[PDB]
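This is what each chain is made of:
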Amino acid sequence: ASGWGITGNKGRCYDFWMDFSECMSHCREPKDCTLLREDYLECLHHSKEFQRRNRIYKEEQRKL
Amino acid sequence: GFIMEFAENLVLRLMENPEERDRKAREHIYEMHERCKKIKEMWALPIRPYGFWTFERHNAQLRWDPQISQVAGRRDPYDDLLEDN
């Protein structure tokens, strides 16, 4: 969010956060582009990708 | 003269205009009710305004970061590579 990266280049999630903030800067209702907020949040933690890989491993496991 | 001929008009001067009193009463009622409606409307305002973040004082970063994205420690890796030419 701040934009100061650990390696000294940039926050990997800074561009997504700035896109979300720029959308919210001219959108009086948050529901119109909540997609960008979701993108920023799951860019921080990679929740959806990990869920998908968990589903893949479950499909592997059910073959037992 | 005598006492009563003067006390009469003295009391009459002491008393006020009733037409002025009635006009002031109906007026005061009118503006008091209008102001009552105004205050009732004012109490309906939510604590958080509809715009909020839309306000220019509540951004403070969309016009600060662009003049900072050139300093060292915030640049996209593909900025110093092709800046030489």
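For each chain, positions are counted from 1 along the sequence as written; this may not be the entry's numbering. Residues without coordinates are not shown. Throughout, the order in which chains and ligands are written sets their labels, letters from A for the former and numbers from 1 for the latter. Each value given relates to the chains shown, not to the larger assembly they are part of. Side-chain measures were taken over the full set of non-hydrogen atoms in the model, leaving aside hydrogen atoms and water.

- As recorded in the PDB entry, chain B goes by the name At1g67350, listed as coming from Arabidopsis thaliana.
- Its official PDB title, as written in the record, is "Cryo-EM structure of Arabidopsis thaliana complex-I (open conformation)".

- The name given to chain A in the PDB entry is NADH dehydrogenase [ubiquinone] iron-sulfur protein 5-A, with Arabidopsis thaliana as the source organism.
- UniProt positions are given in the numbering used here, feature names are shortened, and annotations may be inferred rather than shown by experiment. Regarding chain A, the UniProt comment filed under Function reads as follows: "Accessory subunit of the mitochondrial membrane respiratory chain NADH dehydrogenase (Complex I), that is believed not to be involved in catalysis. Complex I functions in the transfer of electrons from NADH to the respiratory chain. The immediate electron acceptor for the enzyme is believed to be ubiquinone (By similarity)."
- Quoted verbatim from the Sequence similarities heading of the UniProt record, the comment on chain A is "Belongs to the complex I NDUFS5 subunit family."

## Considerations on the interface of chain B and chain A
Item 1. Contact definition: two residues touch when any of their heavy atoms are within 4.5 Å. Between chain B and chain A, the contact holds 17 residues from the first and 19 residues from the second.
Item 2. In total, chain B and chain A occlude about 1,400 Å² of area from one another, counting both sides; carbon and sulfur atoms represent 54% of this.
Item 3. Throughout, buried area stands for the accessible area (probe radius 1.4 Å) lost by two parts on being put together, summed over both. Contact with chain A buries area across many residues of chain B, yet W53, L62 and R74 of chain B alone supply 42% of it, more than any other trio.
Item 4. Note on definitions: salt bridges are taken to be side-chain nitrogens of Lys or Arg within 4 Å of carboxyl oxygens of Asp or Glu. Linking chain B with chain A are 0 salt bridges.
Item 5. Here a polar contact is recorded for every N or O atom pair within 3.5 Å, except that within protein the pair must consist of a potential hydrogen donor and a potential acceptor, and residues adjacent in sequence are included only if both atoms are side-chain atoms. For the interface between chain B and chain A, the tally reads 8 residue pairs in polar contact.

## Some points on the side chain of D65 of chain B
Item 1. Residue position: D65 of chain B is located in the segment after α2 (18–42).
Item 2. Excluding anything up to four places from it in sequence, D65 of chain B contacts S2, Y14 and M18 of chain A together with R74 of chain B. Helical segments are the DSSP runs of H or I of at least four residues, strand segments are the runs of E of at least two, and each set is numbered from the N terminus.

## Examining the state of the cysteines
All names here are of chain A.
Item 1. Any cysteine sulfur atom paired with another within 2.5 Å is treated as part of a disulfide. Applying the stated criterion to the full structure yields 1 disulfide over all chains.
Item 2. The disulfide bridge from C23 ends at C33, spanning 2.0 Å between sulfur atoms. Taking the sign of the torsion about the S-S bond as the criterion, the disulfide between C23 and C33, at about -125°, is left-handed. Here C23, found in helix α1 (residues 14–24), pairs with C33, found in the loop between α1 and α2 (34–45); they are 10 residues apart in sequence, far enough to count as distant.
Item 3. Judged by its relative accessible area of 9%, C33 falls in the buried class.
Item 4. Of all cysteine sulfurs, the one in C23 lies closest to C27, which takes part in no disulfide; the gap is 3.9 Å.
Item 5. In this scheme, a residue with accessible area under 20% of its type's maximum is buried, one over 50% is exposed, and one in between is partly exposed, where area comes from a 1.4 Å probe on protein chains only. The exposure class assigned to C27 is buried, which follows from its relative accessible area of 14%.
Item 6. For the unlinked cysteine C43, the closest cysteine sulfur is that of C13, found at 5.2 Å.

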